[PDB]
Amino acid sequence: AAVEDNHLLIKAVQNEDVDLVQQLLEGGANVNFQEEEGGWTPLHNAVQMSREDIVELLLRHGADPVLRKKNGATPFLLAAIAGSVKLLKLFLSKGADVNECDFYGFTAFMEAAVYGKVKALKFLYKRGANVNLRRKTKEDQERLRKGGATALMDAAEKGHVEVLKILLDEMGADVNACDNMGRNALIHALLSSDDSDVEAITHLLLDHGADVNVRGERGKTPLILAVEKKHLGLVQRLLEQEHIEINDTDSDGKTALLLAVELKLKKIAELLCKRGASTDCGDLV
């Protein structure tokens, strides 16, 4: 009976039924009940839905403002995902630390970057967020070379151009930080799954001196990734960089040129061939 009312409390929050939430709480429901799959509380749900009135109701009934769910996220971190400056401010007044993180290393600032929440990003910055923190994760994950990413890498990966610009021009983000795998923001940008913003992002990173001689998982370089995405403009800008190594091979033994030929990218292939050792570059495809 007690357990079903606790589940009803969570659903009432999710359905934004204030009167029912009040009734269940006054009836003795556990304001800090955690559901079994993810450890979510009433308060986590209220923050996720950006409902400041429900948040305040739960806090007045004794909700623990810093109680974490199973991934280690606090209400404060969920407020960053929601982009709610008012809730970020509230949890900072109740014991949150601006640089706190979940169990995979995500801070509020990183989450604002991931979710493109510019107002929250700016608020957090002015509250002392460390812009260049690298994700500290679980020992088992760190041993698999996971972890170490920054908010800039998240902005690059998710294609949030305005966030990226703010990070680089206003907040002192380090363009050439690398995660535990050796990937920088440039690699993460070229790995992204949305073809919408990759060109703009890559150009911005290169403007700020992003290092082109870096490797992702299976030996992939920025140049190889750009060839795989068939983007002539990006290959052109990458080749304008001074220290770029055109002859690097990925784990399959392929260079950018060999891949360009296989994908039948005539202009890219000729460009790459001309930069290399070969004398016969116009007739490859």
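All residue numbers refer to positions in the sequence shown, first residue = 1.
- Two stretches are in play, 241 to 249 and 29 to 37, and the higher mean C-alpha B-factor belongs to 241 to 249.
- The mean Cα B-factor in the deposited entry runs higher for 194 to 202 than for the other of 98 to 106 and 194 to 202.
- Within the listed group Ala63, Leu225, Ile54, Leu232, the record reports its top CA B-factor for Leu232.
- Annotation for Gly172, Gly148, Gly128, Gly209: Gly209 ranks highest, by Cα B-factor.
- The entry lists a Cα temperature factor for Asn213 that places it in the highest third of the chain's modelled residues.
- Placement of the Cα temperature factor of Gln141 within the chain: highest third of the modelled residues, per the deposited record.
- Among the modelled residues of its chain, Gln236 has a C-alpha B-factor that falls in the highest third, as given in the PDB entry.
- Compared with the other modelled residues of the chain, the Cα B-factor recorded for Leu124 ranks in the lowest third.
- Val114: CA B factor lies in the lowest third for its chain, per the PDB record.
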